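Structure record follows, encoded as structure tokens.
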Amino acid sequence: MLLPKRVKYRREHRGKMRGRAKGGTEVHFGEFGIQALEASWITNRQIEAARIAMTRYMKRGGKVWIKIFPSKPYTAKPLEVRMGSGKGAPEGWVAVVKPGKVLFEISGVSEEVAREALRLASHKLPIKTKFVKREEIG
Amino acid sequence: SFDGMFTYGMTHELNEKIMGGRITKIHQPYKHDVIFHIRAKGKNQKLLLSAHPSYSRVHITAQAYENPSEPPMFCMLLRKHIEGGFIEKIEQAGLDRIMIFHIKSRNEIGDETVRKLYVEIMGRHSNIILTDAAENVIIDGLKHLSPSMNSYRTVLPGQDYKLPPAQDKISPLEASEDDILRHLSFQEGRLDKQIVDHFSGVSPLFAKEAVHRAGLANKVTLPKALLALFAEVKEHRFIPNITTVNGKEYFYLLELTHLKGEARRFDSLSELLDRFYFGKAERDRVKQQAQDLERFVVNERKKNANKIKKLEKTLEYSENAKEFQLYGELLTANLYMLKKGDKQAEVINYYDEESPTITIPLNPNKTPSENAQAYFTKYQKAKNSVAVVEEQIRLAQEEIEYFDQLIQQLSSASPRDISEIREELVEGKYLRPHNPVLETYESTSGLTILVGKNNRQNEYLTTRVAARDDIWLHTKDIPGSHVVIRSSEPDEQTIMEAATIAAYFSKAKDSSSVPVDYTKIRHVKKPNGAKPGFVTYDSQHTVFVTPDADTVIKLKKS
RNA sequence: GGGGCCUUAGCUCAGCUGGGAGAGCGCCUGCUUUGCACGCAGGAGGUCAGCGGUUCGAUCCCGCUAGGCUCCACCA
RNA sequence: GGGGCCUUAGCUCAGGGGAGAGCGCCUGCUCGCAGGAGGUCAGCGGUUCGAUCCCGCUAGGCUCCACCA
RNA sequence: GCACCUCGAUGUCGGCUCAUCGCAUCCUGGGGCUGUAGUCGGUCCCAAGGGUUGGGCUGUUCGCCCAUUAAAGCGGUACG
RNA sequence: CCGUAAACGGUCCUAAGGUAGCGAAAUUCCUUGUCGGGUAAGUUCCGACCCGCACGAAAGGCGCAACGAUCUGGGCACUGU
């Protein structure tokens, strides 16, 4: 459960998700990670589900780096009301994720353990995923 | 006991002690005890009007009846109607056990209207009823009665007060001997019961004392003794004392010649009733306020004892299971023939030179090998049981020791103490759900003695309050209160006094020369993860004391 | 048909997430009470709806059968 | 669900410069006194030098509506 | 939710009568897996051919109950 | 509002806070309240519990013989409803 405890504004515009990832494109903390291929809002509930799904299967191993944070709130007008008459109340928090962005980072385990943990994380996410690793040119 | 003659003496003493006066405060700390704070001539007085089912009494108390809880509605109406007024006179309605209080109380609107407060002490029919002394309707009663339950003398607010049934007896005092002897009519020897049911306000104790003062029962010998006793009572001649033969106590305003026992004579009836109910009243109060907690602890102790017996049954089932495992091994070393429906097959001895009689094992129709394998599994479960049931027996004896200690600490505890026991048990999760106050004593040499009554008070007292070189006392191998002396050096007399206090506040209260141990508080530790309230110690010294009540009452600081 | 909560002493009901079954009313025994049906302790009653799996012990966990409440939308 | 009024001692209620009564508990004093235990002022966060006092919100308690097919 | 069609009229609930259509199938027919010993079952397939009730309560649909049945199935057709 | 077993006590407020008698009503959202009767089955009816959103004493309260082209339940006879 991730959320900011204080915000400058409680109601914000929904924004746009055009283009690739501005940052967080390359894996640089862990050894393996998930690279996003499509853009959608990722709810903190989905982030918690993916984190528990990785952490349970990695009961012995390193820690998980969560590269995304749900800083943008979304508002939800109450049901069965007419359109307009003011913006509704904020309901939850989402993270704006663009294609190419690294979502979660794992180091300190084997190859197949990391692949299966990332598959179990990816089956909870609403986006198409792929497996990436660190490249050492370099 | 507190009969009509006793009431006669109590009315005389209250007329001597509290005449006029002002009732500053009215407190009802318990369900049946009402405290009047009389400001009479001289110093302040504390009048107690008790309507207990067995311990009902009226006397001027002197000890501090603590725990002033939120007052019930009878106490609030007493403070609304009686406080601020004066007491006109205290008189007895004839010779029966009826107390009349004439209250010259100013009304709340400013004018004056006399109120009559009626105190009845009839054992389990005791009640306190206030009337307005002009129409004699019941303003309120301590115990509210229905027109159905106790149909005669209904006690309701606004109902006209009615008096208790007449006993059909003559007035015993000022009565002529001829009168007294012309109606008892002794024929076959029911003499004491004849005095009881023929003579107003006479306890059976006074009848049994009178039949001993008469000596040989006779036509004139008995009557003369009774007349002399009644004349002395009328002359206000009283010798209050405490006499007992074995444990259970008796009190009267006259010296007792019969039932000879330790006789503790008193100066007045006030100190007599203060010393008598000193233990019984306190015991009947923490019992009536905490019967559910002690019932729960006793029931759980019975559960734990039944658990230990049924765990020892499994400990015998351990030795039973080994024979089954041996039978399974024998079946295995022979299970190559008669596999189909195999039972009562003779088995040749595989172990020992005994060559014991061929065995005939009986097996169910699973498989000839799975029956022996089932026996071997039962054996593995049996050895895991040997581990776990011994662990459970150890835990159950620890629980029984802690619950016996909790029984001890609840049995000798005051109102506040038993409530603090309640909080402790709920914290324990046993009961479904800050610098506290303690009890202190002052010794003969001015040394302060602190007594912790509950384990929540005891752990705080042992780890926060007392400094170094403070002598800590506890009863040897018997649960009791933890007593600490806050002085650098304890006088031998101080140690003796604190040991008597620790023996009195113990399970050995009704014992003689009970063992007590004393040591410095630096030498006591407690383990981590164990049950709270467990204190262990080493390098202690032992003295022998007798737990008498007198010393504890004398050593009060308040 | 879909979800949920229970079947516990003669009655009304607790029992904490497996550590060994109880409160009140009700029926008896004994004590006590001068007197107005005002008090105390001690006993029973339960296969915890019925059966069989788990583990060292099951109301509690599990599967399979009898039962009772809730919970579900109109409308003009 | 939408407006309006409150959440203050154990109970009931008054009240920008640092907050109180009656009842309930005590304290010595012979129908009234002079004093003490208990207050996250329901909680968060902004404006300044400080908030019970001003504000945006969360739970709670009252009052008035939730009508036309 | 919106207000696109009708305010120089598109009669709106529940029942009666007459039906028709789609299976996301209530039974009947044919199967797979079952922790399916047999009867009875559970789940998932193929299948609309036919049939899918008489009452008490309430205007009621719905719902509860009584007695059956092989079952008393969901919906659409201007909530036919 | 808060306690205490209608009734009493503490506090705010007003002019004072519902007496007798009725009560799930031509009045009750929850709600087909609970129990019993009537039927095999009764959201209607009848008799009690008060838990009266939001009965109540001449905009009268509670009963009441006879009466009604009145309303709501239940039986006998009777029949194509």
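Chain labels A, B, ... are given in the sequence in which chains occur in the structure tokens; within each chain residues are numbered consecutively from 1, and ligands are likewise numbered from 1 in the order shown.
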Next on the checklist: Can you tell me which residues surround region 59-76 of chain A at a distance of at most 9 Å, considering only C-alpha atoms (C1' of nucleotides), apart from same-chain residues fewer than 5 positions away, and format the answer as an MDAnalysis selection string?
Outcome noted: chainID A and resid 2:4 7 10:14 24 29:30 42:44 47 51 54 87:97 101:109
Quick one: write out the picked residues with C-alpha atoms as a tab-separated table (two decimals), in the first residue's frame?
chain	number	residue	atom	x	y	z
A	2	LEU	CA	1.81	3.07	-1.33
A	3	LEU	CA	0.39	6.60	-1.25
A	4	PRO	CA	1.74	10.10	-0.52
A	7	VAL	CA	-0.21	16.47	-1.71
A	10	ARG	CA	-6.00	16.70	-4.28
A	11	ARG	CA	-7.56	16.97	-7.76
A	12	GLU	CA	-5.45	16.92	-10.94
A	13	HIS	CA	-5.94	16.49	-14.66
A	14	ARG	CA	-5.67	12.95	-16.01
A	24	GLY	CA	13.86	4.73	-15.59
A	29	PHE	CA	19.98	-1.40	-9.34
A	30	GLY	CA	19.04	-5.06	-9.66
A	42	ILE	CA	-0.97	1.24	-12.56
A	43	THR	CA	-2.95	1.27	-9.32
A	44	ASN	CA	-1.07	0.82	-6.03
A	47	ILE	CA	1.77	-2.81	-7.27
A	51	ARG	CA	5.22	-7.15	-4.81
A	54	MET	CA	7.47	-11.70	-6.02
A	87	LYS	CA	-15.52	17.44	-9.68
A	88	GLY	CA	-15.85	14.31	-7.56
A	89	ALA	CA	-13.81	13.10	-4.59
A	90	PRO	CA	-10.38	11.46	-5.05
A	91	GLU	CA	-10.54	7.67	-4.76
A	92	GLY	CA	-7.08	6.22	-5.28
A	93	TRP	CA	-3.54	6.68	-6.55
A	94	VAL	CA	-1.99	5.54	-9.84
A	95	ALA	CA	1.46	5.73	-11.41
A	96	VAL	CA	1.81	6.96	-14.99
A	97	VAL	CA	3.87	4.25	-16.70
A	101	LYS	CA	10.07	1.92	-18.15
A	102	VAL	CA	11.50	-0.47	-15.56
A	103	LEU	CA	8.87	-1.38	-12.95
A	104	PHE	CA	10.47	-3.75	-10.40
A	105	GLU	CA	14.11	-4.69	-9.83
A	106	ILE	CA	15.53	-7.96	-8.46
A	107	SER	CA	19.10	-8.91	-7.58
A	108	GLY	CA	20.62	-11.64	-5.45
A	109	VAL	CA	18.81	-14.75	-6.72
Residues of chain B near chain D: apply a cut-off of 8 Å, count only C-alpha atoms (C1' of nucleotides), and supply the list as a PDB file with C-alpha atoms, in the first residue's frame.
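Saved as result_20.pdb:
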ATOM      1  CA  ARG B  39     -20.560  16.363  62.701  1.00  0.00           C
ATOM      2  CA  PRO B  68     -16.240   5.829  46.980  1.00  0.00           C
ATOM      3  CA  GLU B  70     -20.471   6.451  41.689  1.00  0.00           C
ATOM      4  CA  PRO B  71     -23.355   6.636  44.196  1.00  0.00           C
ATOM      5  CA  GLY B  84     -27.768  19.813  55.874  1.00  0.00           C
TER       6      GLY B  84
END
Close residues, region 19-32 of chain F itself excluded, 9 Å, only C-alpha atoms (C1' of nucleotides), min 5 positions apart in chain, as a PDB file with N, CA and C atoms (P, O5', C5', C4', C3', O3' and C1' of nucleotides), in the first residue's frame:
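Dumped to selection-v5.pdb:
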ATOM      1  P     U F  43     -49.102 -14.196   7.037  1.00  0.00           P
ATOM      2  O5'   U F  43     -49.207 -12.741   6.403  1.00  0.00           O
ATOM      3  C5'   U F  43     -48.492 -12.399   5.221  1.00  0.00           C
ATOM      4  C4'   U F  43     -48.194 -10.922   5.172  1.00  0.00           C
ATOM      5  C3'   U F  43     -49.381 -10.019   4.843  1.00  0.00           C
ATOM      6  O3'   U F  43     -49.275  -8.807   5.589  1.00  0.00           O
ATOM      7  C1'   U F  43     -47.655  -9.657   3.279  1.00  0.00           C
ATOM      8  P     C F  50     -45.418  -4.241  27.790  1.00  0.00           P
ATOM      9  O5'   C F  50     -44.761  -3.179  26.809  1.00  0.00           O
ATOM     10  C5'   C F  50     -43.382  -3.258  26.473  1.00  0.00           C
ATOM     11  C4'   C F  50     -43.057  -2.447  25.244  1.00  0.00           C
ATOM     12  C3'   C F  50     -43.052  -0.931  25.427  1.00  0.00           C
ATOM     13  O3'   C F  50     -42.030  -0.370  24.606  1.00  0.00           O
ATOM     14  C1'   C F  50     -44.616  -1.523  23.754  1.00  0.00           C
ATOM     15  P     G F  52     -42.468   2.641  21.898  1.00  0.00           P
ATOM     16  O5'   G F  52     -43.714   2.329  20.958  1.00  0.00           O
ATOM     17  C5'   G F  52     -43.588   2.353  19.540  1.00  0.00           C
ATOM     18  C4'   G F  52     -44.561   3.313  18.903  1.00  0.00           C
ATOM     19  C3'   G F  52     -44.021   4.720  18.657  1.00  0.00           C
ATOM     20  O3'   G F  52     -44.570   5.241  17.445  1.00  0.00           O
ATOM     21  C1'   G F  52     -45.903   4.828  20.094  1.00  0.00           C
ATOM     22  P     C F  53     -43.757   5.106  16.063  1.00  0.00           P
ATOM     23  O5'   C F  53     -42.323   5.724  16.386  1.00  0.00           O
ATOM     24  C5'   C F  53     -42.112   7.129  16.384  1.00  0.00           C
ATOM     25  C4'   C F  53     -40.935   7.514  15.523  1.00  0.00           C
ATOM     26  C3'   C F  53     -40.925   8.954  15.026  1.00  0.00           C
ATOM     27  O3'   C F  53     -40.383   9.853  15.978  1.00  0.00           O
ATOM     28  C1'   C F  53     -40.469   7.478  13.223  1.00  0.00           C
ATOM     29  P     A F  54     -41.188  11.181  16.385  1.00  0.00           P
ATOM     30  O5'   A F  54     -42.650  10.650  16.724  1.00  0.00           O
ATOM     31  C5'   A F  54     -43.720  11.555  16.969  1.00  0.00           C
ATOM     32  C4'   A F  54     -44.983  11.167  16.232  1.00  0.00           C
ATOM     33  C3'   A F  54     -45.308   9.672  16.194  1.00  0.00           C
ATOM     34  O3'   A F  54     -46.716   9.490  16.320  1.00  0.00           O
ATOM     35  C1'   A F  54     -45.175  10.518  13.986  1.00  0.00           C
ATOM     36  P     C F  55     -47.320   8.798  17.635  1.00  0.00           P
ATOM     37  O5'   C F  55     -48.885   8.740  17.353  1.00  0.00           O
ATOM     38  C5'   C F  55     -49.729   9.824  17.707  1.00  0.00           C
ATOM     39  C4'   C F  55     -51.130   9.352  17.992  1.00  0.00           C
ATOM     40  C3'   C F  55     -52.014  10.315  18.765  1.00  0.00           C
ATOM     41  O3'   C F  55     -52.594  11.316  17.946  1.00  0.00           O
ATOM     42  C1'   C F  55     -52.190   8.152  19.707  1.00  0.00           C
ATOM     43  P     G F  56     -52.708  12.831  18.471  1.00  0.00           P
ATOM     44  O5'   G F  56     -53.444  12.710  19.878  1.00  0.00           O
ATOM     45  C5'   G F  56     -54.850  12.530  19.959  1.00  0.00           C
ATOM     46  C4'   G F  56     -55.279  12.191  21.365  1.00  0.00           C
ATOM     47  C3'   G F  56     -54.987  13.249  22.413  1.00  0.00           C
ATOM     48  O3'   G F  56     -55.925  14.307  22.419  1.00  0.00           O
ATOM     49  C1'   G F  56     -54.264  11.161  23.213  1.00  0.00           C
ATOM     50  P     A F  57     -55.424  15.809  22.679  1.00  0.00           P
ATOM     51  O5'   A F  57     -55.497  15.959  24.261  1.00  0.00           O
ATOM     52  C5'   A F  57     -56.630  16.538  24.888  1.00  0.00           C
ATOM     53  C4'   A F  57     -57.820  15.612  24.866  1.00  0.00           C
ATOM     54  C3'   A F  57     -59.009  16.048  25.707  1.00  0.00           C
ATOM     55  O3'   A F  57     -59.823  16.998  25.043  1.00  0.00           O
ATOM     56  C1'   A F  57     -58.543  13.763  26.112  1.00  0.00           C
ATOM     57  P     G F  61     -61.089  11.388  19.498  1.00  0.00           P
ATOM     58  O5'   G F  61     -60.651  10.836  20.925  1.00  0.00           O
ATOM     59  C5'   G F  61     -59.310  10.950  21.377  1.00  0.00           C
ATOM     60  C4'   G F  61     -59.110  10.188  22.659  1.00  0.00           C
ATOM     61  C3'   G F  61     -59.749   8.809  22.701  1.00  0.00           C
ATOM     62  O3'   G F  61     -58.940   7.816  22.095  1.00  0.00           O
ATOM     63  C1'   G F  61     -60.315   9.996  24.662  1.00  0.00           C
ATOM     64  P     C F  62     -59.611   6.628  21.248  1.00  0.00           P
ATOM     65  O5'   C F  62     -60.210   5.657  22.360  1.00  0.00           O
ATOM     66  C5'   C F  62     -59.367   5.040  23.321  1.00  0.00           C
ATOM     67  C4'   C F  62     -60.161   4.482  24.473  1.00  0.00           C
ATOM     68  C3'   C F  62     -61.242   3.481  24.109  1.00  0.00           C
ATOM     69  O3'   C F  62     -60.728   2.183  23.877  1.00  0.00           O
ATOM     70  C1'   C F  62     -62.095   5.050  25.669  1.00  0.00           C
TER      71        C F  62
END
Item to check | Distance query residue 66 (chain D) at most 12 Å, only C-alpha atoms (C1' of nucleotides), self and fewer than 4 positions along chain excluded, as a ChimeraX atom specification | outcome: /D:1-3
N, CA, C and O atoms (P, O5', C5', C4', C3', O3' and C1' of nucleotides) of the current selection, written as a PDB file, in the first residue's frame:
ATOM      1  P     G D   1     -24.082   8.463   2.372  1.00  0.00           P
ATOM      2  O5'   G D   1     -24.859   9.505   1.452  1.00  0.00           O
ATOM      3  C5'   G D   1     -24.684   9.503   0.042  1.00  0.00           C
ATOM      4  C4'   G D   1     -25.635  10.459  -0.633  1.00  0.00           C
ATOM      5  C3'   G D   1     -25.586  11.900  -0.152  1.00  0.00           C
ATOM      6  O3'   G D   1     -24.526  12.645  -0.723  1.00  0.00           O
ATOM      7  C1'   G D   1     -27.830  11.188  -0.242  1.00  0.00           C
ATOM      8  P     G D   2     -23.804  13.800   0.129  1.00  0.00           P
ATOM      9  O5'   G D   2     -24.807  15.033   0.033  1.00  0.00           O
ATOM     10  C5'   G D   2     -25.107  15.633  -1.218  1.00  0.00           C
ATOM     11  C4'   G D   2     -26.164  16.698  -1.081  1.00  0.00           C
ATOM     12  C3'   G D   2     -25.915  17.749  -0.012  1.00  0.00           C
ATOM     13  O3'   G D   2     -25.018  18.761  -0.430  1.00  0.00           O
ATOM     14  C1'   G D   2     -28.136  16.971   0.160  1.00  0.00           C
ATOM     15  P     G D   3     -24.256  19.658   0.662  1.00  0.00           P
ATOM     16  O5'   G D   3     -25.287  20.827   0.984  1.00  0.00           O
ATOM     17  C5'   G D   3     -25.057  21.716   2.063  1.00  0.00           C
ATOM     18  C4'   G D   3     -26.319  22.428   2.478  1.00  0.00           C
ATOM     19  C3'   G D   3     -26.311  22.998   3.887  1.00  0.00           C
ATOM     20  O3'   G D   3     -25.656  24.251   3.969  1.00  0.00           O
ATOM     21  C1'   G D   3     -28.309  21.787   3.548  1.00  0.00           C
TER      22        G D   3
END
Item to check | In region 32-129 of chain A, DSSP helix (DSSP H, G or I) residues written as a list in words | outcome: residues 44, 45, 46, 47, 48, 49, 50, 51, 52, 53, 54, 55, 56, 57, 111, 112, 113, 114, 115, 116, 117, 118, 119, 120, 121 and 122 of chain A
Checklist entry - Got a sec: who's within 8 Å of residue 50 (chain A), counting only C-alpha atoms (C1' of nucleotides), leaving out chain neighbours fewer than 6 positions off, as an MDAnalysis selection string? => result chainID A and resid 120:122 124:125
Restricting the output to N, CA and C atoms, write the selected residues as a PDB file, in the first residue's frame.
ATOM      1  N   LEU A 120       5.215 -14.046 -12.409  1.00  0.00           N
ATOM      2  CA  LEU A 120       4.120 -13.938 -11.449  1.00  0.00           C
ATOM      3  C   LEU A 120       3.750 -12.486 -11.170  1.00  0.00           C
ATOM      4  N   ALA A 121       4.725 -11.577 -11.224  1.00  0.00           N
ATOM      5  CA  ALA A 121       4.414 -10.154 -11.117  1.00  0.00           C
ATOM      6  C   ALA A 121       3.692  -9.654 -12.361  1.00  0.00           C
ATOM      7  N   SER A 122       4.139 -10.097 -13.538  1.00  0.00           N
ATOM      8  CA  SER A 122       3.594  -9.635 -14.807  1.00  0.00           C
ATOM      9  C   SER A 122       2.173 -10.119 -15.040  1.00  0.00           C
ATOM     10  N   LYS A 124      -0.088 -10.084 -12.849  1.00  0.00           N
ATOM     11  CA  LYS A 124      -0.962  -9.191 -12.100  1.00  0.00           C
ATOM     12  C   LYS A 124      -1.095  -7.818 -12.746  1.00  0.00           C
ATOM     13  N   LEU A 125      -0.152  -7.440 -13.612  1.00  0.00           N
ATOM     14  CA  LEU A 125      -0.109  -6.115 -14.210  1.00  0.00           C
ATOM     15  C   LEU A 125      -1.017  -6.032 -15.438  1.00  0.00           C
TER      16      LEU A 125
END
Checklist entry - Could you state the separation of CA of residue 165 (chain B) and CA of residue 96 (chain B) in Å, given to one decimal place? => result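 Computed distance, CA of residue 165 (chain B) to CA of residue 96 (chain B), equals 10.7 Å.
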Checklist entry - residue 74 (chain F): which residues within 12 Å, counting only C-alpha atoms (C1' of nucleotides), same-chain residues fewer than 4 positions away excluded, as a ChimeraX atom specification? => result /F:38-39,42,44-46
Could you pull out the residues in chain A that DSSP calls strand (DSSP E) from the backbone, as a CSV table (one decimal) with N, CA and C atoms, in the first residue's frame?
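Dumped everything to selection_10.csv:
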chain,number,residue,atom,x,y,z
A,32,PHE,N,17.9,-8.0,-12.9
A,32,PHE,CA,16.8,-8.3,-13.8
A,32,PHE,C,15.6,-7.4,-13.5
A,33,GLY,N,14.8,-7.2,-14.5
A,33,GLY,CA,13.6,-6.3,-14.3
A,33,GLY,C,12.6,-6.5,-15.4
A,34,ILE,N,11.5,-5.8,-15.2
A,34,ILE,CA,10.4,-5.8,-16.2
A,34,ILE,C,10.4,-4.5,-16.9
A,35,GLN,N,10.4,-4.6,-18.3
A,35,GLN,CA,10.3,-3.4,-19.1
A,35,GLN,C,8.9,-3.3,-19.7
A,36,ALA,N,8.3,-2.2,-19.5
A,36,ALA,CA,6.9,-2.0,-20.0
A,36,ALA,C,6.9,-1.8,-21.5
A,40,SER,N,-0.4,2.3,-19.4
A,40,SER,CA,-1.7,2.5,-18.7
A,40,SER,C,-1.4,2.9,-17.3
A,41,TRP,N,-2.4,3.4,-16.6
A,41,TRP,CA,-2.3,3.7,-15.2
A,41,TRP,C,-2.1,2.4,-14.4
A,42,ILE,N,-1.2,2.4,-13.5
A,42,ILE,CA,-1.0,1.2,-12.6
A,42,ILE,C,-1.4,1.6,-11.1
A,43,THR,N,-2.4,1.0,-10.7
A,43,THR,CA,-3.0,1.3,-9.3
A,43,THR,C,-2.0,0.7,-8.3
A,64,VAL,N,13.4,-6.2,-3.0
A,64,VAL,CA,12.7,-5.7,-4.2
A,64,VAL,C,12.8,-4.2,-4.3
A,65,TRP,N,13.2,-3.7,-5.4
A,65,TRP,CA,13.2,-2.2,-5.7
A,65,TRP,C,12.0,-1.9,-6.5
A,66,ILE,N,11.1,-1.1,-5.9
A,66,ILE,CA,9.9,-0.7,-6.6
A,66,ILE,C,10.2,0.7,-7.3
A,72,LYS,N,0.1,10.3,-8.7
A,72,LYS,CA,-1.0,11.0,-9.3
A,72,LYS,C,-2.3,10.4,-8.8
A,73,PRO,N,-3.2,11.2,-8.1
A,73,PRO,CA,-4.5,10.8,-7.7
A,73,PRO,C,-5.5,10.8,-8.9
A,74,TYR,N,-6.5,10.0,-8.8
A,74,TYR,CA,-7.7,10.0,-9.7
A,74,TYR,C,-8.9,10.3,-8.9
A,75,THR,N,-9.8,11.1,-9.4
A,75,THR,CA,-11.1,11.4,-8.8
A,75,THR,C,-12.2,10.5,-9.3
A,76,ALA,N,-13.1,10.1,-8.4
A,76,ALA,CA,-14.3,9.3,-8.7
A,76,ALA,C,-15.5,9.9,-8.2
A,89,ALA,N,-14.8,13.3,-5.6
A,89,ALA,CA,-13.8,13.1,-4.6
A,89,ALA,C,-12.7,12.2,-5.1
A,90,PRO,N,-11.5,12.4,-4.6
A,90,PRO,CA,-10.4,11.5,-5.0
A,90,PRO,C,-10.6,10.1,-4.4
A,91,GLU,N,-10.4,9.0,-5.2
A,91,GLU,CA,-10.5,7.7,-4.8
A,91,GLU,C,-9.2,7.0,-4.5
A,92,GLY,N,-8.3,7.0,-5.4
A,92,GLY,CA,-7.1,6.2,-5.3
A,92,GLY,C,-5.9,6.9,-6.0
A,93,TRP,N,-4.8,6.2,-6.0
A,93,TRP,CA,-3.5,6.7,-6.5
A,93,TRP,C,-3.0,5.7,-7.6
A,94,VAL,N,-2.6,6.3,-8.7
A,94,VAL,CA,-2.0,5.5,-9.8
A,94,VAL,C,-0.6,6.1,-10.2
A,95,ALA,N,0.2,5.3,-10.9
A,95,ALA,CA,1.5,5.7,-11.4
A,95,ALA,C,1.4,5.7,-12.9
A,96,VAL,N,1.8,6.8,-13.5
A,96,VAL,CA,1.8,7.0,-15.0
A,96,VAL,C,3.0,6.2,-15.5
A,97,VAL,N,2.8,5.1,-16.2
A,97,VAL,CA,3.9,4.2,-16.7
A,97,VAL,C,3.8,4.3,-18.2
A,102,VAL,N,11.3,0.6,-16.5
A,102,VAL,CA,11.5,-0.5,-15.6
A,102,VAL,C,10.6,-0.3,-14.3
A,103,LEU,N,9.9,-1.4,-14.0
A,103,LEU,CA,8.9,-1.4,-12.9
A,103,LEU,C,9.4,-1.9,-11.6
A,104,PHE,N,9.9,-3.1,-11.6
A,104,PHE,CA,10.5,-3.7,-10.4
A,104,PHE,C,11.8,-4.3,-10.7
A,105,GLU,N,12.7,-4.3,-9.7
A,105,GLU,CA,14.1,-4.7,-9.8
A,105,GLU,C,14.5,-5.8,-8.8
A,106,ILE,N,15.1,-6.8,-9.3
A,106,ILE,CA,15.5,-8.0,-8.5
A,106,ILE,C,17.0,-8.2,-8.7
A,129,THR,N,4.5,-7.2,-21.0
A,129,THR,CA,5.7,-7.2,-20.3
A,129,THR,C,6.8,-7.9,-21.0
A,130,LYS,N,8.0,-7.7,-20.7
A,130,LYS,CA,9.2,-8.5,-21.2
A,130,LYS,C,10.3,-8.6,-20.2
A,131,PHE,N,11.1,-9.6,-20.4
A,131,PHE,CA,12.3,-9.8,-19.4
A,131,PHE,C,13.5,-9.1,-20.0
A,132,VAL,N,14.1,-8.2,-19.1
A,132,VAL,CA,15.4,-7.5,-19.5
A,132,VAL,C,16.4,-7.8,-18.4
A,133,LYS,N,17.7,-7.6,-18.7
A,133,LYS,CA,18.8,-7.8,-17.8
A,133,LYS,C,19.8,-6.7,-18.0
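Atom pair CA of residue 47 (chain B) / CA of residue 133 (chain B): separated by 21.6 Å.
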